[PDB]
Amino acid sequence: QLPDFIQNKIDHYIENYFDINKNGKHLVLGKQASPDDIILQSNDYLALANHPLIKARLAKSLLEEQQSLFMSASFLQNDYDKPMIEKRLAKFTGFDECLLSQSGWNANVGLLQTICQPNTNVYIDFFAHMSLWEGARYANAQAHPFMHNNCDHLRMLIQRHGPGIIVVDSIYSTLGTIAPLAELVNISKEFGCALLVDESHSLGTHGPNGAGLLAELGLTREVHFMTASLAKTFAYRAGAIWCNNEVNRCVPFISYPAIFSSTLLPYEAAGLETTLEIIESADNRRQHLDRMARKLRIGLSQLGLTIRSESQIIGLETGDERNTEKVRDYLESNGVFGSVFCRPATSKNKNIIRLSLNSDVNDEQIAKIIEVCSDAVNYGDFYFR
């Protein structure tokens, strides 16, 4: 057992976050899924996790003679030490330079540490990813949250607070909405602002050969920074920073997680190249996903639910905790497993049960989700928003 100043916090937490739930667990933890159940919890959009060629390429490079490169990524910043995958990924998205990181989180935290000073203006969408808020808070930037995809509010804020960095998800993790990138590019140009787009949820699923949403819209050359977790479509535990400028020569010596935390091992980079080749040609998978996503969005919204989504991420709005619990349990009972997003990913009264669709989902399964929600809507134990 523990001294009071920690224990008090730990008792309170357990009481207000575990004990209050019908199952005694934290709200995200439901029951165990069957193999027959529809699992919509994974960020692996193109269902690549178990792809034979990717597995083969990693195992192969894993079995080669690994040189003992257990140290920071900064010690490996010479051209000969810099992996082929960065050059290819840069080429892929159309950005100048690409830098590998240990995760999407670290890419965001790192980039924001490099370009920010205390009280730097950071104009960040209300619903942008936590990695981005925390990036900015670590750097002691001045956060100026703006209302979701609301360009008028952003205009007011910049005009009020001066030039800064405008930070957005291209596709938002909780809601599946799409940022207004064309208008956001105009705005940054107009006010002398830097623009940072986190493409974690569009990279691979969107754009030509899956090069992303900036690449789809034709905006690549008009943006300063893009970051992305490689743990979504790229199905790998890593991240990347892209620059249309020379910031990537500096990140490795300034970012604390790049300086003080160990780099990706050489065999990990070769795993990604194969993945890239597979993503690059997965037009069918990209298109199937897009079809199913829409079919699900249409069917759910017509039942009266707010489906803000315009993508493969679909957020059922379930309100308060007690309600969310009731919705989770009902869905799971009927073989539908989404992921509870509660605090601090959300406000405590605007919970989301997120459905991450992937290219392996079929029409029959889409039909089932709709029907389950349609039955929900008349069972009488809960509400949607």
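We number the residues from 1 along the sequence you see. Here, rigid core means the biggest group of C-alpha atoms that superpose within 1.5 Å across both forms.
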**OP:** Could you tell me which of the two stretches, 228-236 or 115-123, has its Cα atoms lying farther from the shown structure in 5 other deposited structures of this protein after fitting on the rigid core?
**Re:** 115-123
Original post:
Any chance residue 43 is unbuilt in a third or more of the other entries we compared?
Top reply: no
Original post:
Out of the other entries of this protein with residues modelled on both sides, is residue 325 skipped in at least a third?
Top reply: no
**OP:** Compare the mean C-alpha B-factor of 202-210 with that of 109-117 as given in the PDB entry, and name the stretch with the higher value.
**Re:** 109-117
**OP:** Name the higher of the two by mean Cα B-factor in the PDB entry, 151-159 versus 224-232.
**Re:** 151-159
**OP:** Would you mind checking which of 250, 167, 307, 99 has the top Cα temperature factor in the PDB entry?
**Re:** 250
**OP:** Sort 280, 183, 134, 273 by C-alpha B-factor from the entry and give me just the highest.
**Re:** 273
**OP:** Compare the C-alpha B factor of residue 192 with those of the other modelled residues in its chain, then answer lowest, middle or highest third.
**Re:** highest
Original post:
Based on the entry's values, in what third of the chain does the Cα temperature factor of residue 333 lie: lowest, middle or highest?
Top reply: middle
Subject >> Where the record places residue 59 (Cα B-factor, split into thirds across the chain) >> reply: middle
Subject >> Chain-relative CA temperature factor third for residue 144 >> reply: middle
Subject >> Cα B factor band for residue 312 (lowest, middle or highest third within the chain) >> reply: lowest
